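Q: What follows is a single structure, and I will ask about it in a moment.
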Amino acid sequence: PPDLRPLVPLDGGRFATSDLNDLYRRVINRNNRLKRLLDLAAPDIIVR
Amino acid sequence: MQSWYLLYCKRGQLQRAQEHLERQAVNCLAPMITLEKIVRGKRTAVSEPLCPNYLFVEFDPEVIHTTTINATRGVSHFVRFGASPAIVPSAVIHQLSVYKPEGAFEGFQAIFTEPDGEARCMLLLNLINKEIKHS
Amino acid sequence: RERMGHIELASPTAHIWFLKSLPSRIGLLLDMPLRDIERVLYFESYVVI
Amino acid sequence: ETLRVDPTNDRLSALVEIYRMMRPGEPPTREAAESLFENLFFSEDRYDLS
DNA sequence: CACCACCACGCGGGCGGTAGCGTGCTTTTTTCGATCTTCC
DNA sequence: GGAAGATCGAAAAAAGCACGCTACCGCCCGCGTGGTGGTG
RNA sequence: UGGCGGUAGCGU
Numbered sequence: 246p247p248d249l250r251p252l253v254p255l256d257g258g259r260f261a262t263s264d265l266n267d268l269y270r271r272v273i274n275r276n277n278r279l280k281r282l283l284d285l286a287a288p289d290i291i292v293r
Numbered sequence: 001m002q003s004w005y006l007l008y009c010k011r012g013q014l015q016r017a018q019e020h021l022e023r024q025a026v027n028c029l030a031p032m033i034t035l036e037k038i039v040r041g042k043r044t045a046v047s048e049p050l051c052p053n054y055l056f057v058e059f060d061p062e063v064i065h066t067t068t069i070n071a072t073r074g075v076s077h078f079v080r081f082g083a084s085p086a087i088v089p090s091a092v093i094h095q096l097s098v099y100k101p120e121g122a123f124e125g126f127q128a129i130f131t132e133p134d135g136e137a138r139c140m141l142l143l144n145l146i147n148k149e150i151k152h153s
Numbered sequence: 099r100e101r102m103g104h105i106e107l108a109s110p111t112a113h114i115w116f117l118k119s120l121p122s123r124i125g126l127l128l129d130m131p132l133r134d135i136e137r138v139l140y141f142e143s144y145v146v147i
Numbered sequence: 349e350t351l352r353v354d355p356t357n358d359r360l361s362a363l364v365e366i367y368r369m370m371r372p373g374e375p376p377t378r379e380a381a382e383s384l385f386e387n388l389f390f391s392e393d394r395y396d397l398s
């Protein structure tokens, strides 16, 4: 849940680090890229 | 004894990686086709690669090691099937150099049909993987 | 604070806890050395089914 | 006794073994091993005894 | 009005490099190749 | 009478390293490309 | 309207 990994405001226009959010973002990026590659009928090396 | 490898060069430094690889006496290839695409004004010669961050290289590992290529500016890494970089014979780059307007020809017609850049280089790797399976 | 989410993975991925925490649960269950296990998981060798 | 234990019997074999210890996984090459050995301790750009 | 400057931005991930980086603790578990043994 | 079983020594990997409190600073993408706005 | 890291100090 987001409240357990909050994005607190820094009172300067930016936010915190939230390493959990960064790792989730990386996982989502990889999953979306893999889905797009599968939908494109990729060769073995690229999907691997 | 000579090996053709495929490099996933760094994002935005295709030309820089090209000149750096050419400086190290390494034969580098970037497939070139303009497709007469439409710039903001009208249709002109854009002259864009198949899709960026992709290069072909020819180099014998005995003379120049793969670590030097990995450390070359503008290039990130190779593509390795299993645990070793993919080996590529000369048929694909002969066909690529000769035809710059059979099954590879139909692939090129596909490239001229879709112009979706990711799809153009995607079918390019599809053809090269088909030949690798043939080899 | 309590509502959870989920991501549908395009391809299955091995759980690191059940793979790398010695003794390996997957390796013990499959009666196969761990080296084969994470050389197959990370796309370096083929395994017959 | 160390020489008897030592499996290498030539300069090239020793260089290849050193390269394998230094960089596991990479393919041991004559030029790469020689360059690594030269740059380990006999190069001013990498080794500096003040 | 196609050319420069400002801000979204996108995917990208280790970075910067034409390679390495590491360098003053102790205990427990795995494991893996090498060695000796013994019987089917 | 030469390969599985047992041993075994070395190499690697993982786990741990008292409690409570006070004060300060440094930092909390990125980068380098491209879409788009300003312009000689 | 929080976290991480470093530094120094106090009581044991």
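Protein chains in written order, with UniProt numbering: chain A, 246 to 293; chain B, 1 to 101, 120 to 153; chain C, 99 to 147; chain D, 349 to 398.
Built from N, CA and C at the ideal position, the CB exists for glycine as well.
1. Would you mind reading off the limits of the alpha helix (DSSP H) that contains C51/B?
2. Can you say whether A261/A is buried or exposed, counting buried as having 16 or more other CB atoms within 10 angstroms of its CB?
3. May I have the straight-line CA-CA distance separating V79/B from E100/C, to the nearest angstrom?
4. Only counting the same chain, and skipping five residues up and downstream in sequence, which positions put a Cβ closer than 8 angstroms to that of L252/A?
5. Measuring straight from C-alpha to C-alpha, what distance separates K10/B and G135/B?
6. Taking all protein chains shown into account, do 16 or more other C-beta atoms lie within 10 angstroms of the C-beta of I147/C, making it buried, or fewer, making it exposed?
7. If I follow the unbroken alpha helix (DSSP H) through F385/D, where does it start and stop?
8. Taking the continuous alpha helix (DSSP H) assigned at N27/B, which residues delimit it?
9. Identify the continuous beta strand (DSSP E) that holds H65/B and give its terminal residues.
10. Can you tell me which of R250/A, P288/A, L283/A, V292/A puts its alpha carbon nearest to the alpha carbon of residue 199/A?
11. On the CB-based measure, 16 or more other CB atoms within 10 Å of its CB, does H113/C come out buried or exposed?
12. When burial is assigned at 16 or more other CB atoms within 10 Å of the CB, is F59/B buried or exposed?
13. For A112/C, decide whether its Cβ has a neighbour in chain A, counting only Cβ atoms nearer than 7 angstroms.
14. I'd like to check one pair, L363/D with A381/D: are the Cβ atoms closer than 7 angstroms?
A: From the atom records:
1. It is not in any alpha helix (DSSP H) - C51/B carries neither H nor E in the DSSP assignment.
2. exposed
3. 43 angstroms
4. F260, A261, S263, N266
5. 17 angstroms
6. exposed
7. 378 to 389
8. Run containing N27/B: none in the alpha helix (DSSP H); it sits in the beta strand (DSSP E), 27 to 29.
9. Counting along the chain, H65/B falls outside any beta strand (DSSP E), and DSSP gives it neither H nor E.
10. This structure gives no information on residue 199/A, because the portion of chain A shown stretches from 246 to 293.
11. exposed
12. buried
13. no
14. yes
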